[PDB]
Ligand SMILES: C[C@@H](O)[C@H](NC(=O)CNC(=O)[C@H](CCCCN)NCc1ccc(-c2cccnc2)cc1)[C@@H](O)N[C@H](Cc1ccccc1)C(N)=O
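Take a look at this single chain in structure tokens; it is the form solved without this ligand.
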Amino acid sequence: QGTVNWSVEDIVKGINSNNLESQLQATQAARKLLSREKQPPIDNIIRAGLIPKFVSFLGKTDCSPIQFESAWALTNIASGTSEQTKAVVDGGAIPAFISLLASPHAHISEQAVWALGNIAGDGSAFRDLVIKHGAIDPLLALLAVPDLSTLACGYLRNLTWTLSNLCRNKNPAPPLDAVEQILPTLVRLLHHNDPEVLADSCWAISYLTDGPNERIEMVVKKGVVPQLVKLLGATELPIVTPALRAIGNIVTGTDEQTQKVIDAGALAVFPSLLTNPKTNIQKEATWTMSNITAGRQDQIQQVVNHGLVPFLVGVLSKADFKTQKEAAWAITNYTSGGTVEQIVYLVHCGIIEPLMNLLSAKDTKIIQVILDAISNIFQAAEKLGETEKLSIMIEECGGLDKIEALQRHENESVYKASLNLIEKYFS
């Protein structure tokens, strides 16, 4: 090939040449420049005014190779900064790419899919603009086959990824009707046997569940929660991670939505998740637990029955600090919403000492959360007339020293809560 390492000047010469073949060779040279790993000259290409030419080449049905080369060039320009993506959009690329989705050449339609994914991936405004130009119907039409396995793997992964970008970002979240239009295909992809397709489908679902309970309900109504729990159990970390994100999102919802997560058998996976060697998995699992323990007393009871309280004690005792903070939250929610018997059980599992140990942390918020938890537990103790036993318990593991020291803490609610605790139970 004689299209390797052209100067931008030569590329411009060729593209301006009145010869379709010359334009093709120059466009390919541009593509090869724009696809080098080391500092591709995107800004130089833009400054040379080439984008409108590329876009015009997208429409040359009579010359599919120049459609492909220009599609790839524009794809890589749109992969850059918001400004570079914007240069591509401003060139008129969106309807051109959408028109290319119908191309009889798989590599060309695929490249169009990819490009639209980059443009939509820039953010809410471009995402919504891609949708207004009508991308969703032809995109989905590309998946209208009896069995997804007959499609090329790379092709399918690219499509799934671009759809996931149409589901991504907030303020605003995607249009409700767009979400409803995309969701069934997402469900189908969520049952496809490829790890990357599964990962990206899961990520899409996680985007869609990241919002108000109505948004969550749109997803939950499609019946995907059991599949999410199954994927939650997968060996591949790139699958588990978005599965767990989606599940956590869903349990930020209503008691009924959360209950749907529990009924699908999610809790059975949390012994592993709460001890997972990957820090973010442990953190997000504990976050998820914290929103489940903020639930109803029967839901708290299901957490108890699945033997998960000792795992919460474990995470509180030793974990990455952020995970520990999530655990503190889980405990404060548990003690706020739990029965006296459930709180007693919590104490019997050994929550007090690690709770106290975290009072030496340099984080005001977790101090507040923990003090709140201690307050709730003391309330249970009062209800049982066992406040003295709890006071002794806290004193013996050195909790009293820490609480006494929190009196001199600078934050108001902290020394107020701690002084209250001291004056009420440790006199």
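The first residue of the shown sequence is 1; numbering continues from there.
Heads up, the form solved in complex with this ligand isn't pictured, but that's what we're talking about next.
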Within 4.5 Å of this ligand in the bound PDB entry, heavy atom basis, the matching stretch of 352-360, 136-144, 285-293, 90-98 is 285-293
Contact flag, residue 270 vs this ligand in the bound PDB entry, heavy atom cut 4.5 Å
no
Please tell me whether any heavy atom belonging to residue 217 falls inside 4.5 Å of a heavy atom of this ligand, as the geometry stands in the bound PDB entry.
no
Though only this chain appears here, would residue 252 touch this ligand in the bound PDB entry if you measure heavy atom gaps against 4.5 Å?
yes
Give a yes or no for residue 258: in the bound PDB entry, does one of its heavy atoms lie within 4.5 Å of a heavy atom belonging to this ligand?
yes
Which of these residues, 227, 185, 324, 333, gets a heavy atom within 4.5 Å of this ligand in the bound PDB entry?
333
Counting only non-hydrogen atoms and a 4.5 Å cut-off, give the residues of 204-243 close to this ligand in the bound PDB entry.
210
